[PDB]
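Take a look at this single chain, the form deposited in one PDB entry, given in structure tokens.
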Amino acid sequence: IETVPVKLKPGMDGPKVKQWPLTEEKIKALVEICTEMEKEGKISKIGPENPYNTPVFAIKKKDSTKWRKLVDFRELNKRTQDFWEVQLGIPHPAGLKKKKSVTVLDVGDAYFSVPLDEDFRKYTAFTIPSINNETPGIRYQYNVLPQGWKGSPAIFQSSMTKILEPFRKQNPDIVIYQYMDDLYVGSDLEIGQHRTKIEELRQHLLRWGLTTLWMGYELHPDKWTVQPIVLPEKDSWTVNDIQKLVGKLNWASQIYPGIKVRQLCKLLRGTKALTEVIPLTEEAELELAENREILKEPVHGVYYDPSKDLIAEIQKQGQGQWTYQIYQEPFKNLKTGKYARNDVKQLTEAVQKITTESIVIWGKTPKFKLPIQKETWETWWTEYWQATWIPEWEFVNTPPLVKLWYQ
């Protein structure tokens, strides 16, 4: 109980994002939820004198039937970055990604107990729309730390430390990391022992008022072996197959130093038929083998730049399979992977899984380049979305070639 001064720091103005139309069942759920929060004093109805706005959605909780409010604070987060990142930044432990098991626990409830600086509340304005625009629309702003805003964990940081203090000293080798409204807990314990430590942690949290598919509850990071670029292993090779191989090796030669393809270019001499069988000379069968070894290893020369944005590209491979790459410098892969099971549902799931690994490895979410039409994504993503955060995203057209290389 003691507000922490918050400032956008002269230059940027509050968020003025438009609210998205929502289905009747989500609007009703938001109205029930917001009416309760108002009685409880967490939010207050506001007037037209507040020119700010942030979109709000309703997703389904870890449960199955329990509706939850999700506020899209992506703009406000970017506009208050100096506050949550520079002034009260929360350290990311490099040890987290090395643990055998990492469990994710929702702790967003805690924030509702801490009052928000009265002069910052107006920037948390949001609107609950009505069907067919028949009534003006219910406007509210927050009176306490809201979920979704990166400033909340930043301000609640000192309280979180006190709460986890005894648990940490009792379990020195367990790594606990807070990112937005979630807590990431990693250990090398046997699964049964790990689960028991988590239950104990929930009990610690319960004393402070915290009732804490793509699987975002129990992760196994030290087992996230990269999805190599694979080179076929055939009995016979057609011209076509070699050309495919040269194309794939040529693309990999821009990422992995040491990739050689001269021996194969030799096999493709002249103007031959695509179906013609070409015998593999041992001089090239050697090059093939040597390239397989470079490809199953980490990319030499690529490192994470803390000051740069993480980018995630995703390709639809078909049959419920999806490939993805995370990088900062185009094609300089920091990580590659895959996800396998409708299309939109599968994409949202892959996106949530990729964001989670990213949070574990670097302590930040990547900006996604999605292979889907803007409106289709906007209309359907909340029907399956279950995370409490929302990453930055762009809508793009996948270059047919890239899909082939990462197959």
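Start at 1 and count along the sequence shown; that's the residue number. The term rigid core refers to the most C-alpha atoms you can superpose between the two forms while keeping them within 1.5 Å.
This next part talks about the form deposited in another entry, which is not shown.
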task = Report the residue, chosen from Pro166, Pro257, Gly318, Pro136, for which the CA moves 2 Å or more between this form and the one not shown after the rigid core is overlaid.
result = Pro257
Large Cα shift (2 Å or above) at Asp182 between this form and the one not shown, core-fitted = no
Is_shifted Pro306 between this form and the one not shown (CA, 2 Å cut-off, rigid core) = no
query = For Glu297, is the C-alpha shift between this form and the one not shown 2 Å or more after core superposition?
reply = yes
